[PDB]
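One structure below.
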Amino acid sequence: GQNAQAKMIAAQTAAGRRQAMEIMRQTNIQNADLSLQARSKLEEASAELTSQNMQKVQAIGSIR
Amino acid sequence: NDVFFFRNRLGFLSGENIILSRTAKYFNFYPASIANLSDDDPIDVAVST
């Protein structure tokens with residue numbers, strides 16, 4: 001059955017192609033999550049640095 | 001009514017209000033920033049009796 005063999009192999013092309021497409025989908029989606037995590041880290045850094053600024057206002061104020 | 005200098009603060013006596021300047025900046029009667037009550041902020045206390 002040459003046709004049966006061709007059908008089975010065609011399924012392998014389908015298996016590898018969708019498997020590769022999914023590899024890119026999973027890798028691309030994870031990267032987006034990491035970018036969002038980096039953005040959240042930037043926001044947290046901004047908040048803590050603002051707290052440091054506010055403490056500075058009172059600190060340098062007392063020195064003056 | 002009057003102009004004086006107490007603790008290095010240019011002070012005025014308007015009505016029933018005693019108004020003092022910053023500890024060093026005599027020409028700045030406004031606070032620094034509304035983020036955390038500072039130490040050298042101007043004093044605008046009013047005598048209540």
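Residue names in the structure tokens use chain letters A, B, ... in the order shown, residue numbers from 1 in each chain, and ligand numbers from 1 in the order shown.
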
Handout entry: DSSP-assigned strand (DSSP E or B) members of chain B, reported as an MDAnalysis selection string
Key = chainID B and resid 3:6 9:14 17:20 43 46

Taking N, CA, C and O atoms for each residue, export the selection above as a PDB file, in the first residue's frame.
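Output below, filename result.pdb:
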```
ATOM      1  N   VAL B   3       7.859  93.274  61.523  1.00  0.00           N
ATOM      2  CA  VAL B   3       8.815  92.365  60.822  1.00  0.00           C
ATOM      3  C   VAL B   3       9.916  92.003  61.819  1.00  0.00           C
ATOM      4  O   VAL B   3      10.455  92.935  62.438  1.00  0.00           O
ATOM      5  N   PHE B   4      10.233  90.716  61.987  1.00  0.00           N
ATOM      6  CA  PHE B   4      11.240  90.242  62.971  1.00  0.00           C
ATOM      7  C   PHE B   4      11.966  89.017  62.421  1.00  0.00           C
ATOM      8  O   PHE B   4      11.579  88.563  61.336  1.00  0.00           O
ATOM      9  N   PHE B   5      12.989  88.515  63.119  1.00  0.00           N
ATOM     10  CA  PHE B   5      13.741  87.297  62.724  1.00  0.00           C
ATOM     11  C   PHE B   5      13.922  86.404  63.952  1.00  0.00           C
ATOM     12  O   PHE B   5      14.687  86.803  64.844  1.00  0.00           O
ATOM     13  N   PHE B   6      13.252  85.251  64.007  1.00  0.00           N
ATOM     14  CA  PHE B   6      13.335  84.302  65.148  1.00  0.00           C
ATOM     15  C   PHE B   6      13.824  82.946  64.641  1.00  0.00           C
ATOM     16  O   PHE B   6      13.183  82.408  63.729  1.00  0.00           O
ATOM     17  N   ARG B   9      14.237  82.629  60.895  1.00  0.00           N
ATOM     18  CA  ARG B   9      13.014  82.673  60.054  1.00  0.00           C
ATOM     19  C   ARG B   9      12.497  84.109  59.986  1.00  0.00           C
ATOM     20  O   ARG B   9      12.159  84.645  61.050  1.00  0.00           O
ATOM     21  N   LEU B  10      12.443  84.719  58.801  1.00  0.00           N
ATOM     22  CA  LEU B  10      11.856  86.073  58.629  1.00  0.00           C
ATOM     23  C   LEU B  10      10.388  85.977  59.022  1.00  0.00           C
ATOM     24  O   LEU B  10       9.652  85.278  58.311  1.00  0.00           O
ATOM     25  N   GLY B  11       9.970  86.658  60.086  1.00  0.00           N
ATOM     26  CA  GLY B  11       8.592  86.546  60.596  1.00  0.00           C
ATOM     27  C   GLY B  11       7.816  87.836  60.481  1.00  0.00           C
ATOM     28  O   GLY B  11       8.453  88.899  60.556  1.00  0.00           O
ATOM     29  N   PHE B  12       6.496  87.761  60.305  1.00  0.00           N
ATOM     30  CA  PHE B  12       5.606  88.945  60.228  1.00  0.00           C
ATOM     31  C   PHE B  12       4.501  88.761  61.267  1.00  0.00           C
ATOM     32  O   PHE B  12       4.308  87.620  61.691  1.00  0.00           O
ATOM     33  N   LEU B  13       3.830  89.833  61.688  1.00  0.00           N
ATOM     34  CA  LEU B  13       2.704  89.758  62.658  1.00  0.00           C
ATOM     35  C   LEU B  13       1.472  90.398  62.024  1.00  0.00           C
ATOM     36  O   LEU B  13       1.242  91.578  62.294  1.00  0.00           O
ATOM     37  N   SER B  14       0.685  89.641  61.265  1.00  0.00           N
ATOM     38  CA  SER B  14      -0.502  90.130  60.576  1.00  0.00           C
ATOM     39  C   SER B  14      -1.733  89.736  61.380  1.00  0.00           C
ATOM     40  O   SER B  14      -1.961  88.547  61.625  1.00  0.00           O
ATOM     41  N   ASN B  17      -2.406  86.546  63.524  1.00  0.00           N
ATOM     42  CA  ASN B  17      -1.611  85.458  62.972  1.00  0.00           C
ATOM     43  C   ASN B  17      -0.136  85.816  63.051  1.00  0.00           C
ATOM     44  O   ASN B  17       0.260  86.918  62.658  1.00  0.00           O
ATOM     45  N   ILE B  18       0.668  84.889  63.560  1.00  0.00           N
ATOM     46  CA  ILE B  18       2.121  84.984  63.496  1.00  0.00           C
ATOM     47  C   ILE B  18       2.598  84.111  62.346  1.00  0.00           C
ATOM     48  O   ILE B  18       2.307  82.910  62.303  1.00  0.00           O
ATOM     49  N   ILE B  19       3.324  84.714  61.410  1.00  0.00           N
ATOM     50  CA  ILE B  19       3.738  84.058  60.177  1.00  0.00           C
ATOM     51  C   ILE B  19       5.257  84.051  60.142  1.00  0.00           C
ATOM     52  O   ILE B  19       5.888  85.110  60.248  1.00  0.00           O
ATOM     53  N   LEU B  20       5.842  82.868  59.994  1.00  0.00           N
ATOM     54  CA  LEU B  20       7.284  82.710  59.940  1.00  0.00           C
ATOM     55  C   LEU B  20       7.681  82.080  58.613  1.00  0.00           C
ATOM     56  O   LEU B  20       6.916  81.334  58.000  1.00  0.00           O
ATOM     57  N   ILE B  43       5.944  78.325  59.330  1.00  0.00           N
ATOM     58  CA  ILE B  43       4.989  78.287  60.430  1.00  0.00           C
ATOM     59  C   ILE B  43       3.996  79.421  60.230  1.00  0.00           C
ATOM     60  O   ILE B  43       4.386  80.590  60.124  1.00  0.00           O
ATOM     61  N   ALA B  46      -1.864  80.307  64.288  1.00  0.00           N
ATOM     62  CA  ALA B  46      -2.775  81.363  64.706  1.00  0.00           C
ATOM     63  C   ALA B  46      -3.090  81.180  66.182  1.00  0.00           C
ATOM     64  O   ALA B  46      -3.401  80.067  66.620  1.00  0.00           O
TER      65      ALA B  46
END
```

Produce a table with one row for each residue of chain B that has an atom at most 7 Å from any atom of chain A, each row naming the nearest atom pair and its distance in Å at one decimal; use only C-alpha atoms; arrange rows by chain and rising residue number; format as a Markdown table.
```
| residue | atom | partner | partner_atom | distance |
| --- | --- | --- | --- | --- |
| B:35 | CA | A:54 | CA | 6.3 |
| B:36 | CA | A:58 | CA | 6.6 |
| B:38 | CA | A:58 | CA | 4.9 |
| B:39 | CA | A:62 | CA | 5.1 |
| B:40 | CA | A:61 | CA | 5.8 |
```

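Note that the spacing between CA of residue 44 (chain B) and CA of residue 26 (chain B) amounts to 13.9 Å.
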
Fill in the blank from the handout: The distance between CA of residue 26 (chain A) and CA of residue 44 (chain A) is 27.0 Å

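Straight-line separation from CA of residue 45 (chain B) to CA of residue 2 (chain B): 15.8 Å.
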